[PDB]
Amino acid sequence: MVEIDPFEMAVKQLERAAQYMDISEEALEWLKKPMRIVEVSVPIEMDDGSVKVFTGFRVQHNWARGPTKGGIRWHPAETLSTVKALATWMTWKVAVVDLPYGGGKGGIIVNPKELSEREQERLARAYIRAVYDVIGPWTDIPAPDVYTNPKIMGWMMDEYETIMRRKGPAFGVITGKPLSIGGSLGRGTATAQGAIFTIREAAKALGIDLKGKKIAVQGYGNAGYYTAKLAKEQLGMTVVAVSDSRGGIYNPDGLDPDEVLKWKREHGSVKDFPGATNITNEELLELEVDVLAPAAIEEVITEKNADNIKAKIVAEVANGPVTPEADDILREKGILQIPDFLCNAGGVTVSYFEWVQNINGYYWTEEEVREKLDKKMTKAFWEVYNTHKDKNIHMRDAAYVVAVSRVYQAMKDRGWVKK
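Everything in the sequence shown is counted per the deposited numbering, starting at 1 for the first residue and increasing by one.
Here it is, written out as structure tokens:
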């Protein structure tokens with residue numbers, strides 16, 4: 001009697017957002033089933049001259065607003081209920097920042113640490129020849145995800161340029177490519193620049209002077225380093241405590257976010273930094289700082305430490321790092337938490353800015369991409385926050401109101417749902 005299917009969990013979080021908006025009964029049952037599911041058998045030839053058959057998928061949820069966009073997962077524990085759950089989730093993520101996109105996902109049941117470099121070419125090309133009839137530059141756009149990389153996405157583009165016979169924009173069939181084949185700049189600081197702009201406007205919303213505030217960051221990945229690096233130079237906040245999988249440090253007078261990387265590659269972790277205090281992630285979450293931003297695994301700020309939070313703006317940079325029971329405890333104390341698909345939506349805004357470049361054929365520089373991302377994540381926050389001021393719901397539920405209202409209004413104008 002204990003079964004948690006991922007696709008049923010994505011449906012239950014849609015029926016929650018059906019009550020905060022006036023939506024008909026005929027559009028509620030339209031959004032609960034994806035509109036085209038393809039499951040193919042993908043054969044490769046191995047290294048010893050023998051044949052295997054891996055099982056691939058491709059799920060396209062809802063193309064009402066435009067061409068669908070979604071990553072590619074390579075994982076041995078992939079199921080169709082886990083691909084469809086991220087396929088529904090991709091529709092409310094590309095719509096909340098107002099892109100002309102729909103949701104999608106694709107997966108292959110394989111373990112990529114047991115294939116050679118040549119066999120990863122014969123799999124990445126044979127996946128394209130199986131689902132070429134349901135993708136394209138204006139139909140369905142792949143992207144990189146877990147156990148894929150920019151090295152592989154160049155190969156899927158090459159097999160598309162062989163099948164299409166070069167009669168159309170082939171560089172726009174896939175985003176997240178290398179720079180010298182038709183990629184875009186600003187993809188290394190893509191996700192972390194999204195959280196900087198919304199923090200800059202959330203402190204504007206409270207009326208806070210940001211010149212000298214304090215920030216604690218859980219996790220020190222590529223997102224955790226780039227958030228703390230740009231917090232000193234762009235905004236000006238005093239970096240006081242960063243952490244990783246080992247533990248956390250502490251300095252109430254400032255930190256170098258760049259020389260820490262000089263230590264972390266040299267040593268094993270940021271443990272025993274000179275002029276620091278080795279504390280845990282548990283004390284780091286309940287510190288007294290101005291703004292918290294987790295760049296770590298899910299469910300870090302839970303109901304067992306929700307009352308002890310001393311902060312003002314919470315930026316959920318990860319994919320759902322806050323439990324639903326910790327929402328109502330945080331909401332009454334006077335804290336403002338950013339949704340999971342609103343803070344890190346920069347990885348979809350920058351990946352959309354590549355597809356505009358490849359369709360036109362004119363590549364922008366680092367100044368033009370930073371400027372046009374600055375207007376997108378500013379407007380998408382003041383549609384979400386002002387919706388929270390009108391009906392007085394939590395910021396997690398308030399972003400679900402704006403995300404479905406755009407897709408339902410595009411479904412009603414295309415004539416699909418009359419009422």
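All residues carry an ideal CB built from backbone N, CA and C; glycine is no exception.
Roughly how far, in whole angstroms, is the beta-carbon of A64 from the beta-carbon of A345, given that I think they are within contact range, below 8 Å?
Incorrect: roughly 19 Å between the Cβ atoms, too far for contact.
For the region 350–382, which segments carrying the alpha helix (DSSP H) assignment without a break, of at least 4 residues, lie completely within its bounds, in sequence order?
Those alpha helix (DSSP H) runs which fall completely within the region 350–382 and span 4+ residues do not exist here.
Should the region 123–134 be regarded as contacting the region 41–60, the criterion being three or more beta carbon pairs within less than 8 Å?
In short, these stretches touch, since the Cβ pair count reaches three.
Compute the beta-carbon to beta-carbon distance between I152 and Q120, rounded to the nearest angstrom, for a pair I have assumed lies under 8 Å.
About 7 Å; that satisfies the 8 Å criterion.
Sorted by chain position, which residues of the same chain lie with C-beta nearer than 7 Å to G136's C-beta, five sequence neighbours on each side aside?
If we look at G136 and ignore the five residues flanking it on each side, its Cβ neighbours are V173.
Ranges of the beta strand (DSSP E) found wholly within the region 299–328, counting only runs of at least 3:
The region 299–328 contains, as complete beta strand (DSSP E) runs of 3+ residues, the segments 313–315 (chain order).
From this set, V38, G106, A306, which residue's C-alpha is nearest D328's C-alpha?
Distance check between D328 and each of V38, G106, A306 places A306 closest, using alpha-carbon atoms only.
What does DSSP give as the partner residues of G106 in its beta bridges?
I72.
I'd like the list of long-range same chain contacts for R36, defined as Cβ closer than 7 Å, with 5 residues on each side in sequence excluded.
If we look at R36 and ignore the five residues flanking it on each side, its Cβ neighbours are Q60, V134.
Does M9 pass the burial test, meaning 16 or more other C-beta atoms within 10 Å, or should it be called exposed?
Exposed, by the Cβ-count rule.
Taking only the alpha-carbon atoms, compute the straight-line gap between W364 and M1 and give it to the nearest angstrom.
Whole-angstrom Cα-Cα distance: 54 Å.
What does DSSP give as the partner residue(s) for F57 in the beta ladder?
In the DSSP output, where bridge partners are listed per residue, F57 has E39.
Which residues in the same chain as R58 place their Cβ atom closer than 7 Å to its Cβ, once the five residues preceding and following it in sequence are excluded?
Same-chain partners within the cutoff: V38, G106, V131, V134.
Alpha-carbon to alpha-carbon, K229 and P274:
Each residue's alpha carbon lies about 19 Å from the other.
If distances are taken between C-alpha atoms only, which option among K264, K312, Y20, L292 comes closest to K204?
Put simply, of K264, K312, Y20, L292 the residue whose alpha carbon is nearest the alpha carbon of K204 is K312.
Just verifying my parser: in three-state terms, what is the DSSP assignment at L31?
Coil at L31, not helix or strand.
Using DSSP with H/G/I as helix, E/B as strand and the rest coil, what is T238?
Assigned with DSSP and collapsed to three states, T238 falls in strand.
Taking the alpha-carbon positions, what's the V146 to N111 distance?
Each residue's Cα considered, the two are about 11 Å apart.
Measure the C-alpha to C-alpha separation of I199 and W155 and round it to an integer number of angstroms.
Near 37 Å, if we compare the C-alpha coordinates of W155 and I199.
Ignoring anything shorter than 3 residues or poking outside the region 221–284, list the beta strand (DSSP E) runs there in chain order.
Qualifying beta strand (DSSP E) stretches, in chain order: 238–242.
In angstroms, rounded to a whole number, what distance separates the CA positions of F353 and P321?
A straight line joining the alpha-carbon of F353 with that of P321 spans about 27 Å.
Let me know the secondary structure DSSP gives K167 once reduced to three states.
Looking at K167 - three-state DSSP - the assignment turns out to be coil, as it is neither helix nor strand.
Assuming the contact rule is C-beta atoms closer than 8 Å, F341 and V96 should be a hit. Round their C-beta distance to whole Å, please.
Confirmed, about 6 Å.
Roughly how many whole angstroms lie between the Cα atoms of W382 and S184?
Each residue's alpha carbon lies about 27 Å from the other.
Is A195 close to the ligand MN? I mean its beta-carbon at under 6 Å from any heavy atom of the ligand.
By its list of ligands, the structure shown contains no ligand whatsoever, and the ligand MN lies outside what it can speak to.
Please determine if the region 210–227 and the region 177–192 are in contact, where contact requires at least 3 C-beta pairs separated by less than 8 Å.
Below 8 Å, enough C-beta pairs join the region 210–227 and the region 177–192 to call them touching: three or more.
If I follow the unbroken alpha helix (DSSP H) through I196, where does it start and stop?
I196 -> alpha helix (DSSP H) spans 190–206.
In three-state DSSP terms, what is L210?
Note: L210 maps to coil in three-state DSSP.
Any contact of the region 368–378 with the region 86–95, i.e. 3+ C-beta pairs under 8 Å?
Counting Cβ pairs under 8 Å, fewer than three are found: no touch.
What residues are listed by DSSP as bridge partners for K52?
As DSSP reads the structure, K52 sits in a beta bridge with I44.
Using a Cβ-Cβ cutoff of less than 8 Å, which residues in the same chain neighbour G176 once the five nearest sequence positions on both sides are dropped?
If we look at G176 and ignore the five residues flanking it on each side, its Cβ neighbours are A143, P144, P150, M153, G183, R187, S351, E354.
What number of angstroms, rounded off, separates the C-alpha of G49 from the C-alpha of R118?
Computed Cα separation, rounded: 13 Å.
So what does DSSP say about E117, is it helix, strand or coil?
Note: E117 maps to coil in three-state DSSP.
Near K232, which residues of its chain fall below 7 Å by C-beta distance, leaving aside the five closest residues on each side in sequence?
Hits under 7 Å: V239, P257.
Member of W263, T88, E288, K271 whose CA lies at the smallest distance from the CA of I215:
Measuring from the Cα of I215, the nearest candidate turns out to be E288.
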